[PDB]
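**Student:** Experimental structure and sequence below.
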Amino acid sequence: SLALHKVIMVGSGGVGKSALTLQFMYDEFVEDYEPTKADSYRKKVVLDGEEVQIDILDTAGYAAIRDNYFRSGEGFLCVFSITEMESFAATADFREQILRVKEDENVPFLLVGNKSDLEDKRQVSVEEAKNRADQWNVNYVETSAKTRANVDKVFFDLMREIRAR
Ligand SMILES: Nc1nc2c(ncn2[C@@H]2O[C@H](COP(=O)(O)OP(=O)(O)O)[C@@H](O)[C@H]2O)c(=O)[nH]1
Ligand SMILES: [Mg+2]
């Protein structure tokens, strides 16, 4: 059995949780994935010379069920869309939930600003997202599930944080 890294995708609706997951898993940009469907994925990848298994829980939004899922997670990709300010505002809600369940302010966590390809319709500045990440002591990365920009990066960077726990 190889090392297993459990990642959880969180964020408000339509930010790109599923598209990022499927782009990472199948190298395809899926634009119509059922908004209400939560699923898990698993695949073997090579992380810095070592073959490891990554498990990704793509959440879709009772309390006991959601808490158990967060407890099982080892790292979190907190996603928002750079084109929707409200989704950025919502990241504070997920941060609070994760800290409540994990009871660890150093839990592997990346703030992910998705849909970077839509610069034209950006509502969240790089400055404000970076500032929030700094205040939370986490790293910020902008991705595009459409062009694949930084998609592998966020998953691999998070795995390195899980490995370093
Ligand atoms: N242009 C663009 N559209 C994206 C991107 N990521 C997701 N989308 C679109 O946004 C919609 C919602 O994405 P989805 O991954 O299903 O959101 P979820 O609710 O967070 O799972 C879909 O129509 C996607 O094709 C991205 O990086 N760029
Ligand atoms: Mg989804």
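**Tutor:** Looks like it arrived, so ask away. Numbers count the residues shown, from 1 in each chain. Ligands and ions are numbered 1, 2, ... in the order given.
**Student:** where along the protein do the helices fall?
**Tutor:** Using DSSP state H, the helices found in the chain span residues 17-26, 63-72, 85-102, 126-136, 151-164.
**Student:** list the contacts for the residue of the chain found nearest ligand 2?
**Tutor:** Here the residue of the chain nearest ligand 2 is residue 18; by Cβ to the ion that distance is 3.2 Å. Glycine gets a C-beta too; all of them are placed from N, C-alpha and C. Counting by Cβ atoms under 8 Å, 6 or more residues apart in numbering, residue 18 makes contact with 9, 30, 33, 37, 58, 60.
**Student:** Mind giving me the ChimeraX command for buried ones among those?
**Tutor:** Selection of buried members from these for ChimeraX, criterion 16 or more other Cβ atoms under 10 Å:
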select :9,58
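**Student:** still on that earlier bit, closest to residue 54 out of the helices of the chain?
**Tutor:** Of all the helices of the chain, it is helix 151-164 that lies closest to residue 54, at 6.4 Å by Cβ to Cβ.
**Student:** Residue 144 and residue 112 touch, don't they?
**Tutor:** No: if you go by Cβ atoms under 8 Å, residue 144 and residue 112 don't touch, sitting 10.8 Å apart.
**Student:** Between these two, which is the more surrounded one?
**Tutor:** Taking neighbours as other Cβ atoms under 10 Å, residue 144 and residue 112 compare with residue 112 leading, 34 against 22.
**Student:** List the contacts of the closest residue to that one other than its chain neighbours.
**Tutor:** Closest residue to residue 112 apart from its sequence neighbours, by Cβ to Cβ, 6 or more residues apart in numbering: residue 79 at 4.5 Å. The contact partners of residue 79, taken as Cβ under 8 Å, 6+ apart, are 9, 10, 11, 15, 16, 17, 20, 112, 114.
**Student:** Quickly list what the closest residue in space to the fifth one that isn't next to it in sequence is bridged to.
**Tutor:** Right, the one you point to is residue 16. Nearest non-adjacent residue to residue 16, counting by Cβ to Cβ, 6+ apart: residue 114, 3.9 Å away. Judged by DSSP bridges, the bridge partners of residue 114 are residue 81.
**Student:** OK, contacts around residue 114?
**Tutor:** Residue 114 touches 15, 16, 19, 20, 79, 80, 81, 82, 142, 143, 144, 145, counting by Cβ under 8 Å, 6+ apart.
**Student:** correct me, but residue 28 touches residue 22?
**Tutor:** Yes: contact criterion Cβ under 8 Å: residue 28 and residue 22 qualify, at 6.3 Å.
**Student:** So which bits of this structure are right by ligand 1?
**Tutor:** Residues of the chain lying near ligand 1 by Cβ under 6 Å from any ligand atom: 11, 13-19, 31, 33, 35, 114-115, 117-118, 144-146.
**Student:** Thanks again, I'm all set now.
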